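Worksheet for the structure shown next.
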Ligand SMILES: Nc1ncnc2c1ncn2[C@@H]1O[C@H](COP(=O)(O)OP(=O)(O)O)[C@@H](O)[C@H]1O
Ligand SMILES: Nc1ncnc2c1ncn2[C@@H]1O[C@H](COP(=O)(O)OP(=O)(O)O)[C@@H](O)[C@H]1O
Ligand SMILES: [Mg+2]
Ligand SMILES: [Mg+2]
């Protein structure tokens, strides 16, 4: 191949190329403009090693401590119904809403799969709101806590417009730890120094900085505990307190065994209290530790008793509910409470004993925060430019390969050279006429009619020394242009003052009578079957100037009629009253009518359609005519259009 | 391919090559002369390690301290409307202005995007100025501080000419830290030495040196505070432990801790305070210009090679003669509504046409009659030009010539000869005229002609009338030569109808427009209609250095 071919093919398929590339680039643009941006924050820590510190920072202990501090197990998502509502809302300048939640406890359905309970909160105003878990509508108010139907909720400072909806999920603690750990990274950045670089990525530019600050504070507090833990009495306090609790736990277990040897509400309110007790105990430890390493007027410490206030209020409401259930199940719950309270505290103290050991045996005495966490205002993802470039390049690659397949899979004719290589004379090339009437009469100045005049002058020289004045037009496949060519050629030969007869011998799908204006009675069939004479079948074209014979009524045995000798009698009679006779026939590959007629025709031409037919089809038609004893003079290419890749140039342009 | 061909192609396209390369080089010059210069300053620090000190130097605490000290959060820009105003103003040697601002507070609009409040200050004199936020015009004066509409401002020492405008931005502290960081670099250069090279690049040759000095001072004063502290912690502990030999022992230890606190010089030492290299490091003008010139050359050469491989027109008669087509002449462009063979009888094109005339005088013997038909493949190839001038030159030799304009669709011969447009060829063929009212005399010629007449609606069908052959037979007895001009053969079929009665037929191929394919198709289409084409005439030739086919198209006399 050569570059001229490929350039021509590209120019010809430019519309497809442009469409595909535009679609791919549009998809890339929309993706890069709708993807939620991802911000990144960092901090710098000074270590007085650093590999065990790297391992310890990403441990479940410290991250879990941070989550318990910041209530990261409460997931809040602004609701947009489509997969693109969020992006457009950001683009429209709409301010994303947020709600501050300080207490959430769902009834914890805890089925086989959905371990994460979730509810939907709809904003009604700046004060009240609606809540639905499974369609059950409840109304709540900012400020006052809600304790209904095994659902505990505390909403503060709703910042949104009315009508907004938010999904509230209570995801499990380990899930929150895993989510935090996925997006959190630690590095040394020097491979030897006491410098640690902490990095965190997330979609909220403020939340991630707060989280990273909390992580740094927790780690520093853990190491600063080391220096003060050796002389601390908490070690001896825990060493003595733990055996006492275990006996209480064991005694609680033993009592529970004696009473044993399932009310839904009673079980739920039991879970209500146990959750409250857990938060109260851990907060009590947290308040102690914060009071030691921080001050009371610190906002963190101010947060502590406020949450402690809420927990006591929730417990008070729970006990009032417990006061309302019958004592029969109350005894079971009180036994159930103590066992779980014992287990929870025993678990809590075991960590406390473990954590206190963690402080003491720490080789790195001094840990310093050089740079507190800040967030880079430029999002790190998505990287818009690379996405757009990849989209454009992908569009170009797929367009080019698609064009190469379409080029390599075409087999139709493209230029008369393909036919002339085989040894077939092409007598004309007719272009597509963009214009049920004769073209050679409606628009005599059309390009196609000019090409047909060229064909007329070719024939006037070819059809000399022919055995008679009968010309047959046929073709390989239907809808190639046989009737079009034949009728228009008849018109153009008629306008020069010669008597022309057009015979529509397509006894299967002929419609020439429609295109000429007709008296459909007494066509060719009626003559061939013997029930008409030769004079009632000939009609005059109105806008033409030549006579015609229509097919007539469709017979059931077309090919058998054409073999009757009356057909040759008709041709011999007509050949003395007309200067030219043009016969239209069905395709030769489909049926055999053309080969029957061709015995009586002095000249025979095939019509090959430009892009549809193949060289093989035309060769096969040539040979099939040969076998039946019909000599084909040549071919006529029809329906040509301008192709830049052709590099073969017709005169199909207006001159006048 | 060979070297001669490519050299010729470059010689021929030299105009395009020079134009493209010069444009690229001009843009390179403009960029290298208008880009804002960037200066670079450096300093050298000695470390008494060196891996964590790099990270501590680029920390937000030290850079933030520097920014707070030198107020890097007040950004001042001289205003030039275009992306080239600053560069041009520098080129005329105009001194940029500067303003000292020591206190600034904007209302902090802080919308979703524009977190950076800004104002525009227009200097009116050495003392007063106008301030606009969003059209809110205020007047301020150097010295007195301003607090109006939630804007606090203090300007000192305006150094500019009146009428200048300055954009004043109060960017957030973190943005200033990031901006400082991106232009600040630290390297070790020894991988073990206590040597650190600090580098800072910026547009102001003095401001960057001040900033780097401030950074070094902050880092150094921070470092000694670390060593002094651990001594100070030890000194504080000993003082707090004071309750007589032990009493003197602690006092002596206290003095040792006092002297160790004051003798601060420690791990960090400033070898070289920052200085600025006066030659800007960017833009690197020479490499920019070299890249521009090379890019121009490469794109020009690729464009020329592209055009060469996509060229398809005829270039020399050898291309036609390979196929087996006799080329009887080659006519060049005549750079000179009149017959060329009369206006400028000594033109080069008329010389080539005389060569064609002598070729014909030998080709047209043994022709069945004395009729010559000139046709072509595509329109505006030169058929009318060639036919008319050939008639003129053959007429000046004393032979009777008849010129027929059988282009019944767009023939304009009557215009070019001076006309009585009535009774053309159409009127004769349709039967509404006789053979004698149609023949007209050319004034500056010497031959008769027949114009087309009125454009008919059925040109090709008229030409089939036997009256046309009657006219030719009659005229062939009263003239020595008959020339017939015809429409192209690819467009319409008129030429192939006419060619039945012509003894000789020639094609005209236009030099670069037509290709060999059209000429071959035209020959074959003439053959199918029973018309034998004698040969071809190449028209419109111009000099190509790449040709290596070389004509007699030069003056001799
Ligand atoms: N060059 C052409 N320009 C415009 N229409 C054409 C051309 N060739 C064929 N056609 C139209 O396409 C249709 C199929 O051609 P037709 O000859 O009637 O069928 P068939 O070849 O099977 O006998 C017809 O409507 C015809 O008018
Ligand atoms: N070698 C030439 N030098 C100068 N002008 C030419 C030359 N060949 C053709 N032309 C001019 O360019 C125009 C196109 O030629 P023309 O013969 O009129 O078209 P056509 O061949 O279709 O009849 C004409 O105006 C002609 O005078
Ligand atoms: Mg048909
Ligand atoms: Mg002309």
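Chains as they are written, first to last, in PDB author numbering: chain F, 17 to 64, 85 to 297, 304 to 477, 494 to 714; chain G, 17 to 64, 85 to 279, 385 to 477, 494 to 714.
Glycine included, every Cβ here is placed at the ideal spot set by N, Cα and C.
### Query
Would you call residue 542 of chain G buried or exposed, if buried means 16 or more other Cβ atoms sit within 10 Å of its Cβ?
Stepping through the second chain from its first residue, residue 542 of chain G is reached at position 385. Flag for residue 542 of chain G reads buried.
### Query
For ligand 2, which residues have a Cβ under 6 Å from at least one heavy atom, in chain order?
G:472, G:474, G:475, G:506, G:533, G:536, G:537, G:538, G:539, G:540, G:541, G:542, G:696 and G:697
### Query
So, is the C-beta of residue 687 of chain G closer than 8 Å to a C-beta in chain F?
Counting from 1 along the second chain, the entry for residue 687 of chain G is found at position 530. It does: the Cβ of residue 687 of chain G has a partner Cβ on chain F nearer than 8 Å.
### Query
What does residue 716 of chain F touch in chain G if you count any residue whose Cβ is under 9 Å from its own?
An answer regarding residue 716 of chain F cannot be provided, because it is not within the stretch 17 to 714 covered by chain F.
### Query
In three-state DSSP terms, what is residue 599 of chain F?
What you label residue 599 of chain F is simply residue 541 of the first chain in a count that begins at 1. In the structure shown, residue 599 of chain F sits in coil (DSSP, three-state: anything other than H, G, I, E or B).
### Message
Please report the straight-line C-alpha distance between residue 23 of chain F and residue 452 of chain G, rounded to a whole angstrom.
### Response
For the purposes of this step, residue 23 of chain F is taken as the residue at position 7 of the first chain. For the purposes of this step, residue 452 of chain G is taken as the residue at position 311 of the second chain. Each residue's alpha carbon lies about 12 Å from the other.
### Query
Does residue 540 of chain G have its Cβ less than 8 Å from a Cβ in chain F?
Your numbering for residue 540 of chain G matches position 383 in the second chain. With 8 Å as the cut-off, residue 540 of chain G does not count as an interface residue toward chain F.
### Task
May I ask you to verify whether the segment 183–203 of chain F touches the segment 355–365 of chain F, counting CB pairs closer than 8 Å and requiring at least 3?
yes
#### Entry: For residue 564 of chain F, the three-state DSSP class (helix, strand or coil)
The sequence position of residue 564 of chain F within the first chain is 506, counting from 1. DSSP places residue 564 of chain F outside both helix and strand once states are collapsed to three, so it counts as coil.
### Under the three-state DSSP convention, the category residue 621 of chain F falls into
Numbered from 1 along the first chain, position 563 holds the residue referred to as residue 621 of chain F. Residue state, collapsed to three classes: coil.
### Task
Name, please, each residue of chain G whose Cβ falls closer than 9 Å to the Cβ of residue 412 of chain F.
What you label residue 412 of chain F is simply residue 370 of the first chain in a count that begins at 1. For residue 412 of chain F, the residues of chain G that pass the 9 Å Cβ criterion are 91, 92, 95, 96 and 97, in the order they occur in the chain.
#### Entry: Cutoff 8 Å: residue 649 of chain G Cβ touching any chain F Cβ
Sequence index remark: in the second chain, residue 649 of chain G carries index 492 (1-based). True, the Cβ-Cβ gap to chain F drops below 8 Å.
### Message
Below 7 Å on C-beta distance, what does residue 450 of chain G contact in chain F?
### Response
Your numbering for residue 450 of chain G matches position 309 in the second chain. Under a criterion of Cβ atoms nearer than 7 Å, the residues of chain F adjacent to residue 450 of chain G are, in order, 19.
### Message
Against chain G, with Cβ distances strictly below 8 Å, would residue 618 of chain F count as a contact?
### Response
In the first chain, residue 618 of chain F corresponds to position 560, counting from 1. Closer than 8 Å: no.
### Message
Using the three-state DSSP reduction, which class does residue 418 of chain F fall into: helix, strand or coil?
### Response
Counted from its first residue, the first chain places residue 418 of chain F at position 376. DSSP places residue 418 of chain F in strand when its eight states are reduced to three.
#### Entry: Nearest candidate by alpha-carbon position, reference residue 476 of chain G, set G:498, G:470 and G:506
By one-based count along the second chain, residue 476 of chain G stands at place 335. Among G:498, G:470 and G:506, the Cα nearest to that of residue 476 of chain G belongs to G:506.
### Query
Excluding five sequence neighbours on each side, which residues of the same chain lie with their C-beta closer than 6 Å to the C-beta of residue 436 of chain G?
Translated into the one-based positions of the second chain, residue 436 of chain G becomes position 295. Closer than 6 Å at Cβ, skipping near neighbours: 40.
### Message
Between residue 416 of chain F and chain G, is any beta-carbon pair separated by less than 8 Å?
### Response
In the first chain, counting from the first residue as 1, residue 416 of chain F sits at position 374. Judged by the 8 Å Cβ criterion, residue 416 of chain F is in contact with chain G.
### Query
In the DSSP assignment, what are the bridge partners of residue 113 of chain G?
On the second chain, position 77 is the one that residue 113 of chain G refers to. BP columns for residue 113 of chain G point to G:203.
### Query
Exposed or buried, what is residue 298 of chain F when buried is set at 16 or more other beta-carbons lying within 10 Å of its beta-carbon?
Shown without residue 298 of chain F, the model has chain F running from 297 straight on to 304.
### Message
Is residue 564 of chain G close to ligand 4? I mean its beta-carbon at under 7 Å from any heavy atom of the ligand.
### Response
Position 407 of the second chain, counted from the first residue, corresponds to residue 564 of chain G. Yes, the beta carbon of residue 564 of chain G sits closer than 7 Å to at least one heavy atom of ligand 4.
### Message
Counting only C-beta atoms, is residue 228 of chain F closer than 8 Å to chain G at any point?
### Response
Within the first chain, the letter at position 192 stands for residue 228 of chain F. Any Cβ of chain G closer than 8 Å to the Cβ of residue 228 of chain F would place that residue at the interface, and such an atom is present.
### Query
Taking three-plus beta-carbon pairs below 8 Å as touching, is the segment 410–419 of chain F in contact with the segment 49–59 of chain F?
When Cβ pairs closer than 8 Å are counted between the two stretches, the segment 410–419 of chain F is seen to touch the segment 49–59 of chain F, the count reaching three or more.
### Query
Along chain G, in chain order, which residues have C-beta atoms closer than 7 Å to that of residue 128 of chain F?
As a working note, residue 128 of chain F is residue 92 in the first chain. Simply none; closest approach about 11 Å.
### Message
Going by C-alpha to C-alpha distance, which of G:105, G:674 and G:527 sits closest to residue 656 of chain G?
### Response
For the purposes of this step, residue 656 of chain G is identified with residue 499 of the second chain, where counting begins at 1. The option with the nearest alpha carbon to residue 656 of chain G is G:527.
### Query
Under the criterion of a Cβ to heavy atom distance below 7 Å, does residue 18 of chain F qualify as lining ligand 5?
For ligand 5, the structure offers nothing, since it holds only ligand 1, ligand 2, ligand 3 and ligand 4.
### Message
Pairs of beta-carbons, one from the segment 125–143 of chain F and one from the segment 212–232 of chain F, closer than 8 Å: are there three or more?
### Response
no
### Message
Within 10 Å of its beta-carbon, does residue 658 of chain F have 16 or more other beta-carbons around it, so buried, or fewer, so exposed?
### Response
The residue labelled residue 658 of chain F in the question sits at position 600 within the first chain. It counts as buried.
### Query
CB-CB under 7 Å to residue 438 of chain F, same chain, minus the five flanking residues each way: which ones, in chain order?
In the first chain, residue 438 of chain F corresponds to position 396, counting from 1. Cβ neighbours of residue 438 of chain F beyond the five flanking positions: 37.
### Task
Using a cut-off of 9 Å between C-beta atoms, extract the partners of residue 463 of chain G located in chain F.
Counting from 1 along the second chain, the entry for residue 463 of chain G is found at position 322. Within chain F, no residue comes near residue 463 of chain G; the closest Cβ sits about 17 Å away, beyond 9 Å.
### Message
Closer than 7 Å to a non-hydrogen atom of ligand 4 - does that hold for the CB of residue 488 of chain G?
### Response
The gap in chain G between 477 and 494 takes in residue 488 of chain G, so it carries no coordinates here.
### Residue-level contact to chain G via CB, residue 329 of chain F, 8 Å cutoff
The sequence position of residue 329 of chain F within the first chain is 287, counting from 1. Not an interface residue.
### Message
Suppose you measure from the CA of residue 254 of chain F to the CA of residue 392 of chain G; what does that come to, to the nearest Å?
### Response
Position 218 of the first chain, counted from the start, is the residue given in the question as residue 254 of chain F. Position 251 of the second chain, counted from the start, is the residue given in the question as residue 392 of chain G. When rounded, the distance between both Cα atoms is 41 Å.
### Start-to-end residues for the alpha helix (DSSP H) that takes in residue 165 of chain F
Mapped onto the first chain, residue 165 of chain F falls at position 129. Counting along the chain, residue 165 of chain F falls outside any alpha helix (DSSP H), though it belongs to the beta strand (DSSP E) covering 164–168.
### Query
What is the DSSP secondary structure of residue 17 of chain G, reduced to helix, strand or coil?
On the second chain, residue 17 of chain G is found 1 positions in, with the first residue counted as 1. Of the three classes helix, strand and coil, the one that applies to residue 17 of chain G here is coil, per DSSP.
### Query
Can you find a CB in chain G that lies within less than 8 Å of the CB of residue 621 of chain F?
As a first step, residue 621 of chain F is located in the first chain; it is residue number 563 there, counting from the start. No, residue 621 of chain F does not count as interfacial toward chain G.
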